[PDB]
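Novice: pasting the sequence and an experimental structure:
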Amino acid sequence: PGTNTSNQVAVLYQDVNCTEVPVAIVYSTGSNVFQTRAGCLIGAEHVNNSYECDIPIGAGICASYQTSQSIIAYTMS
Amino acid sequence: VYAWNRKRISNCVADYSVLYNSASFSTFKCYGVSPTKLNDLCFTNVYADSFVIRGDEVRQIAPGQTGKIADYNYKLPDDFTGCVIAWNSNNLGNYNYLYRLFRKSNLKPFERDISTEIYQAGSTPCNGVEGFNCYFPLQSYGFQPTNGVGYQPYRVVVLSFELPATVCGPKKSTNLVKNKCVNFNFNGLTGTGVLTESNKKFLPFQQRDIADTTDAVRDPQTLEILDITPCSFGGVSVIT
Amino acid sequence: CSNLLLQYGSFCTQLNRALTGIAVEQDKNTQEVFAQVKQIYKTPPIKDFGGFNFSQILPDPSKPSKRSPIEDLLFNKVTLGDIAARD
Amino acid sequence: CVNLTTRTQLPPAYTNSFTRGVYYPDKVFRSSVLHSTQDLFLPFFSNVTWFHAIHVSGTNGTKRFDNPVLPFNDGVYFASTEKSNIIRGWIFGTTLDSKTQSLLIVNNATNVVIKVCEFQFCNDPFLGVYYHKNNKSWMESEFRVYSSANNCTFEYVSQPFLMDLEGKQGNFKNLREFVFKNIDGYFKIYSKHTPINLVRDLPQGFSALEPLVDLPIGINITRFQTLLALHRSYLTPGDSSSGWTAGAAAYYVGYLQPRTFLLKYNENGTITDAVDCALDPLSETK
Amino acid sequence: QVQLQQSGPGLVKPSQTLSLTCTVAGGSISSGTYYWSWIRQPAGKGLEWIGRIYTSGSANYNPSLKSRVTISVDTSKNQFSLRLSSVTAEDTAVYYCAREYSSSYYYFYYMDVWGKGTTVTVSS
Amino acid sequence: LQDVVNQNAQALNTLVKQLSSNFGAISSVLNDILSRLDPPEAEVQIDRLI
Amino acid sequence: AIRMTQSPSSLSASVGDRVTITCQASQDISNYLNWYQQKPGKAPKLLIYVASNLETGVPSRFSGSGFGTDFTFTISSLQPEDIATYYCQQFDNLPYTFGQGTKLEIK
Ligand SMILES: *[C@@H]1O[C@H](CO)[C@@H](O)[C@H](O)[C@H]1NC(C)=O
Ligand SMILES: *[C@@H]1O[C@H](CO)[C@@H](O)[C@H](O)[C@H]1NC(C)=O
Ligand SMILES: *[C@@H]1O[C@H](CO)[C@@H](O)[C@H](O)[C@H]1NC(C)=O
Ligand SMILES: *[C@@H]1O[C@H](CO)[C@@H](O)[C@H](O)[C@H]1NC(C)=O
Ligand SMILES: *[C@@H]1O[C@H](CO)[C@@H](O)[C@H](O)[C@H]1NC(C)=O
Ligand SMILES: *[C@@H]1O[C@H](CO)[C@@H](O)[C@H](O)[C@H]1NC(C)=O
Ligand SMILES: *[C@@H]1O[C@H](CO)[C@@H](O)[C@H](O)[C@H]1NC(C)=O
Ligand SMILES: *[C@@H]1O[C@H](CO)[C@@H](O)[C@H](O)[C@H]1NC(C)=O
């Protein structure tokens, strides 16, 4: 997100199986690992509600920054 | 060869012309600069290594050149800028020019190994004891005066340098002109343009743009700061 | 270097011609999009306008520069030894 | 010198290095740019040793800590802080037994002298001389426990760069960041004298280094050290005055692990902000 | 044989400014080797250092009195002076001036010569 | 509107920065090449740069 | 400030005995300890600027020893002229603070 808002970054591995990212992998820890058709997303928790797209990712997964303060990814509304 | 000397020369102004006018030199070679254009350039930490080989020298001494003596004693860097010279010194029968015999591992360029330990050529390893089939190193090579070419000694000297210089040549300094389009050769850097006055802080020495074009120069004498601006040029439109 | 470029045909002429054509065509775009009427009309003193107001977009009759606060704000919001661009 | 093998105890402490150790890469002037380059550096946040060997008249019951072995490791950091100008020189080399040329530094006194002699060990021939107010020039006495060598080459003399600034009973004023680098062209040295009000806490302010000297040498260095053990003798055993008593030294150190940095020169020409690249994904993005 | 001799008023009314001066003899105070200090001792009490001044002009004082005390030097006449404002009943004491000498290779600091002192009483 | 200016400026900056590129030659400044190497074998370097 | 505490504040001794007075600083002062003499009706006089050496005109009977925070001043043989008050003083902190004094009397 904007450096003004925060400094928390999340990584996305393109089309790498989340079931195989242990081979791929402070962010290498398993905290909230999500799997998308676009790859493996590490560093953001998953949310179930619906919001407008802010930062596109792939396969309709849109990510945003909402507050404690962390990054979320969700189905685009 | 394995015990060459490194003499660093600085703050010198010598005629770099007789260095090739010496007819005693068998053959003069330069690999990084034009031999005639030796006076113009500015040098930094000139080196004066010296070693001798029995005849078959040029076949082995060259950038990226193999050779048993060359690959076991001293190689030159792949990016090298120097001028090696060679000339016979047989007149100066004399088994005193002792050479290294063999080295187990290749030698990195610009490292000198004085240690002479009899390597374990044979199967038997020993510590401090001459082992079986342990070829003794540092063998004195044949230098009979009547021996033919390829077996005669020489007086080879390699001159390597790096291109903050303070190593001037035989060019006489001149006067300074301000606010005029001139061909300026300030120390190493030369170019054309107009020299103006600019006032900033310049604690770091010498010179600088997005394109790395020079914008200020530290005068070698009367240390101050000048500014370089290109000569006024522009396109011409012919309306008719 | 000037002599050695002479052995490469007319690359420089081609590039210069292309860039000159570019430079011509932008100003052609401007003349086409803006200048569509050849009668510069004079702004009448705004009095009635059926009750509607226009003081924000008409050029200011006060400052000599024929601009408007909307126009001036628009010009000031854009961030472009004479300076030609941001860098 | 060396040590009296008084290796009583060795407490290893680790400290988090904050933004520190940014130096000028090359002597070229720039201003108001964002030039980025890769070179020898130390990471922005790397744990480093805190060698608590500052035994100013002991830590507790003359609890003195030694510093015999310290490997070079392709580049070195250094820092220390103390009112007394006890800091005296650095030693470099692999064997330090007249087998490899060793870098010896003598500071203060008349002028700073740097030597690369091939001596056997620390000679200490005159390291205790005309000190305090003995005010008599006997010159007959010499340092007892060890002898002296003679082989030397490349003597260098200059104005003492180990500047004590203003040695006074202030809050906290002295922090030296003598950074030593080894390359084939020349052994490179940097320094920066900064006043900071914290003694245990390494300052988090963003200072920069400046070049000091260009001494050309291509000798191999594998270990470093510092000998503040001059005037460690009590002079007369009854006198019991080794300066005050024995010595003390911080020699807070660390290793480089080179990387690529992005430095932002300010309007005037100094370094205002530097950022790492591989520190974090945000750093890579920056 | 450097000696320091004091000239003072001896008596100062309450809430007035006490002015003292110490004349240095046997050598010039403009030598950079010395620190010149004022010290005081109340009748029957111990010694309390008041402040020093380096010959260059830099001054330093006991923090408990820094606001009210001012020490100055006059090397052109080889004296230094004290000005202590807001005199109180505790300001009655003998005031000594003294030279301090120190080295840089060894930052030891000691009072190697002292003045004779001057009695200051604060009364109406 | 800002995008057009930004893109043009960035392209021009890249074009200018391209000058500091040795392209495998000895130096990235042609004047250095001229002052260092005589014409008989400097033409190769010049041709690479061109 | 740094507080200095001496074991005796007053003492009476006879001619010829060895007398020892201790001084203790609130925290480690290295060896930054000076010794002063206060004669009856006289100005303060420096006796031991550093424990190792004696100041000019200081009788040889005065010596000092000790380490860290605790230091000792000894008079190997007291004489009637030694009746006086002895003060230790640190200069580790910014103020040149002095001790409370030890009155040495002669029997
Ligand atoms: C990813 O892992 C799953 C594990 O259930 C596997 O079924 C799938 O084929 C994998 N996808 C790949 C390797 O593209
Ligand atoms: C989001 O939905 C998934 C789907 O079952 C569920 O496992 C998860 O707990 C939900 N998270 C919430 C409700 O925060
Ligand atoms: C070189 O020029 C400088 C210019 O200031 C001068 O000071 C110096 O004496 C000159 N060196 C000589 C004449 O050897
Ligand atoms: C039109 O706008 C101007 C600008 O403030 C104002 O002075 C004027 O009264 C307005 N006229 C209306 C609202 O009729
Ligand atoms: C430094 O060491 C501490 C040990 O407590 C550790 O928690 C910290 O992560 C280390 N810093 C790093 C790895 O950057
Ligand atoms: C210096 O080194 C040489 C070895 O080349 C040795 O012969 C000589 O004795 C040395 N000088 C001394 C030990 O004073
Ligand atoms: C220099 O010393 C280092 C110590 O680790 C060693 O790795 C290296 O090979 C040495 N270089 C030489 C002997 O040229
Ligand atoms: C640059 O120098 C000027 C000198 O007046 C100063 O005002 C300015 O703050 C300096 N810039 C810095 C310190 O970044």
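Specialist: That came through fine. Residues are numbered from 1 along each chain as shown, chains lettered A, B, ... in the order given. Ligands and ions are numbered 1, 2, ... in the order given.
Novice: from now on I want contacts and neighbour counts done on CA atoms only, so please keep to that.
Specialist: OK.
Novice: on the three-state scheme, the residue in chain A that chain B sits nearest to is what?
Specialist: Closest to chain B within chain A is residue A:3: 27.0 Å, counting by CA to the nearest CA. Taken by DSSP: H, G, I helix; E, B strand; the rest coil, the conformation at residue A:3 corresponds to coil.
Novice: what's the answer for residue C:75, then?
Specialist: What three-state DSSP gives for residue C:75 is helix.
Novice: count of residues packed around it?
Specialist: By other CA atoms under 10 Å in any protein chain shown, 12 other residues sit near residue C:75.
Novice: mind checking how far it is from residue F:1?
Specialist: 11 Å (CA to CA, to the nearest Å).
Novice: looking at chain D, what residue ends up closest to chain F?
Specialist: For chain D, CA to the nearest CA, closest residue to chain F: residue D:35, 12.0 Å.
Novice: give the buried residues for the longest strand along chain B.
Specialist: Longest strand in chain B, counting residues (DSSP state E): strand B:189-197. The neighbour-count check on strand B:189-197 (16 or more other CA atoms under 10 Å in any protein chain shown) flags B:193, B:194, B:195 as buried.
Novice: please pull up the helix or strand immediately following it.
Specialist: Sequence order places strand B:216-218 as the next helix or strand after strand B:189-197, per DSSP states H and E.
Novice: sheet partners, orientation included, of that next one?
Specialist: strand B:225-229 (antiparallel) (DSSP bridges).
Novice: send me the strand it pairs with as CSV with only the CA atoms.
Specialist: Listed next in CSV are the C-alpha coordinates belonging to strand B:225-229 (Å, rounded to 0.1, in the frame of the first residue of the first chain):
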residue,chain,number,x,y,z
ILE,B,225,36.6,25.6,-8.9
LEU,B,226,35.7,26.4,-12.5
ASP,B,227,32.5,25.4,-14.5
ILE,B,228,32.3,23.8,-17.9
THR,B,229,29.6,24.9,-20.3
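Novice: run through the residues that contact the residue of chain G most remote from its centre.
Specialist: In terms of distance from the mean C-alpha position of chain G, residue G:94 ranks first, at 20.5 Å (CA atoms, centre = their mean). Shown in contact with residue G:94 (CA atoms under 8 Å, 6 or more residues apart in numbering or on different chains): D:169, D:170.
Novice: ok, so of the buried residues of strand B:189-197, who is nearest residue C:65?
Specialist: residue B:194 (39.5 Å; CA to CA).
Novice: excluding chain neighbours, what is closest to the closest one?
Specialist: Closest residue in space to residue B:194, ignoring its immediate chain neighbours: residue B:181 at 4.4 Å, by CA to CA, 6 or more residues apart in numbering or on different chains.
Novice: go on, residue B:190?
Specialist: Nearest to residue B:190 is residue B:184, by CA to CA, 6+ apart, at 5.7 Å.
Novice: that neighbour pairs with what?
Specialist: Applying DSSP bridges to residue B:184 gives these bridge partners: residue B:191.
Novice: from chain C, how far out is the nearest residue in space to residue B:206 that is not next to it in sequence?
Specialist: Closest residue to residue B:206 apart from its sequence neighbours, by CA to CA, 6+ apart: residue B:218 at 4.7 Å. Using CA to the nearest CA, to the nearest Å, residue B:218 is found at 23 Å from chain C.
Novice: also residue A:23?
Specialist: For residue A:23 relative to chain C (CA to the nearest CA), the value is 44 Å.
Novice: cool, residue E:18 as well?
Specialist: 65 Å.
Novice: give the contact list for that residue.
Specialist: E:9, E:12, E:82, E:83, E:84, E:85, E:87.
Novice: report how many residues lie close to the closest residue to residue D:90 other than its chain neighbours.
Specialist: Leaving aside its sequence neighbours, residue D:90 sits nearest to residue D:226 (CA to CA, 6+ apart; 4.4 Å). The number of residues packed near residue D:226 is 19, by other CA under 10 Å.
Novice: all helices of chain C, in order?
Specialist: Here chain C has its helices, by DSSP state H, at C:2-5, C:11-34, C:69-77.
Novice: re earlier: in contact with the residue nearest to residue B:190, which residues are there?
Specialist: Contacts of residue B:184 (CA under 8 Å, 6+ apart): B:190, B:191, B:192, B:193.
Novice: in a markdown table: those residues, plus distance to ligand 7.
Specialist: A markdown table is the format used below for those (distance: CA to the nearest ligand atom, whole Å):
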| residue | distance to ligand 7 |
| --- | --- |
| B:190 | 38 |
| B:191 | 41 |
| B:192 | 45 |
| B:193 | 47 |
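Novice: most widely separated two among these?
Specialist: B:190 and B:193 (10.0 Å).
Novice: is residue E:61 in contact with residue E:51, as I believe?
Specialist: Yes: counting by CA atoms under 8 Å, residue E:61 does reach residue E:51; the two are 3.9 Å apart.
Novice: do you know how far residue B:174 is from chain D?
Specialist: 25 Å.
Novice: what's the answer for residue B:208, then?
Specialist: For residue B:208 relative to chain D (CA to the nearest CA), the value is 6 Å.
Novice: check residue E:81 too.
Specialist: Distance, residue E:81 to chain D, using CA to the nearest CA: 23 Å.
Novice: show me which residues of chain B sit near chain D.
Specialist: For chain B, the residues in contact with chain D (CA under 8 Å from any CA of the partner chain) are B:200, B:201, B:202, B:204, B:205, B:206, B:207, B:208, B:209.
Novice: buried only: go through those for me.
Specialist: Buried members of the residues of chain B next to chain D, scored by 16+ other CA under 10 Å, are B:202, B:204, B:206, B:207.
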